[PDB]
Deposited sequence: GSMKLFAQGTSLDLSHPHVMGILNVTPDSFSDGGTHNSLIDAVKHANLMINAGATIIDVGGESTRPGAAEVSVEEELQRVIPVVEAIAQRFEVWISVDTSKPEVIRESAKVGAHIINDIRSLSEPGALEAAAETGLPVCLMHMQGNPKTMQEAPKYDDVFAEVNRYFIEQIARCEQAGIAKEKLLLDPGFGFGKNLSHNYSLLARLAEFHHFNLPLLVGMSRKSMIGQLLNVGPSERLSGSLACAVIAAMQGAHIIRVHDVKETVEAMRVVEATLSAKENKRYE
C-alpha cells in the first residue's frame, strides 16, 4: 500500500509518524521546528494555519495563505519529507499544491464550496476525517445511536462523493476524527474498533496526541498527556493504523519501532 504525490511516494508498509506544525520570526521558527521533527523521525509534517479546536474563530483566506504557504514552500525546498496541509479552503488547497504539499488534510472533508473540485484538480492524496457538525458547536452535545456505524456510513458516503468528483480510491485516507463531535466514550468505542475500518482497504490516519480523550480520562492538563498519547498511538498502530499524527515525534517514533518489531513477528491485531 502506497501513496503518490509531487513525484515521490510514501510506503505505508509500516506506521508513519506525522509531526504537527501549528502555525496559528514565524517562518524561521516554523522551519526550525520542522527540522527537529524530521530529525526525530517524522516522515510527514502537518502544517495548519486555522484553529480546529472547539469554538475556534474562522480565519480569512488571505491570513491563512500568509501563515501556511511560505511554510510549506520553505520545507518543500529544503527537505525531502512529505507535507500535509490542514485546510478547508479551495484557494489554500491550490496554492499549497503549487508549492509542493503532498497531502490535503481537511477536517471538513472538502465540504466547503469549491473544495472538492480544487482537491481533485491537484491530483493529491486527500484525507477524509469524520466530524459530527462543525467545530463551532460539535462539542456541545455529541450524540450517536451507534458511533462506529455512523462513522463507517460517513466513510462510505464520502468515498462515493470523492470518486464521483474524479478522486480515485487510491488517493484517499480515512480518519475517524477523534475528538471531533465525540465524547470520551465515543472516542474509545472508535479506538477499540479501529481495525474494522480496514475493510475499505484504505490508509488509516489517526490523531489522538494530547487530546481530551486522554485528559478527561486521566484528569490532567495538556502537558501531562505523553504516556496516554503513546498508549493511544500504540493501540492504533497495533491495529494497523498507517499514519499517527502527533506533537511528540521522538517518543512516538520509538514506540512505533516496537510496534513494527512486534507486527513483523506476527502472522495485525483485532
- Query: Going from the first residue of the deposited sequence to the last, where are the unmodelled runs?
  - Reply: 1 to 2, 27 to 36, 280 to 281
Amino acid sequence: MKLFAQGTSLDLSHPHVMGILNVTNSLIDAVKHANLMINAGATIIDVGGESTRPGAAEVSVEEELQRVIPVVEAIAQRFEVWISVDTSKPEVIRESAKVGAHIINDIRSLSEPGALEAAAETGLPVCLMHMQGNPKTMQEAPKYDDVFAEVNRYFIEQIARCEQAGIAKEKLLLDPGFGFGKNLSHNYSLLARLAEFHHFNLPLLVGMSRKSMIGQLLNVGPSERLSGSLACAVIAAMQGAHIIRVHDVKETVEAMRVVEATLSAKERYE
From here on, numbers count along this sequence of modelled residues.
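Definition used throughout: the rigid core is the maximal C-alpha set that superposes within 1.5 Å between two forms.
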- Note on the structure: in 8 other deposited structures of this protein, with the rigid core superposed, the stretch whose C-alphas stray more from the shown form, 127 to 135 or 105 to 113, is 127 to 135
- Message: Out of 204 to 212 and 49 to 57, which one drifts farther from the shown form in 8 other deposited structures of this protein in terms of CA positions, with the fit done on the rigid core?
- Response: 49 to 57
- Mean CA B-factor: is it higher for 193 to 201 or for 72 to 80? 72 to 80
- Item | Residue stretch of maximal mean CA temperature factor, 209 to 217 vs 28 to 36 | 28 to 36
- Hey, out of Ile243, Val61, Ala57, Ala236, whose CA B-factor is highest in the deposited coordinates? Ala57
- Looking at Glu150, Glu170, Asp175, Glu140, which has the highest CA B-factor as recorded? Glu170
- By the record's CA B-factor, is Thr122 among the lowest, middle or highest third of residues in the chain? highest
- Query: Within this chain, which third does the Cα B-factor at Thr262 fall in: lowest, middle or highest?
  - Reply: middle
- Message: Is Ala97 in the lowest, middle or highest third of its chain when residues are ranked by C-alpha B-factor?
- Response: middle
- Message: By the recorded C-alpha temperature factor, relative to the other modelled residues in its chain, which third is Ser51 in?
- Response: highest
- Task: Among all modelled residues of this chain, ranked by Cα B factor, put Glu254 in the bottom, middle or top third, i.e. lowest, middle or highest.
- Result: lowest
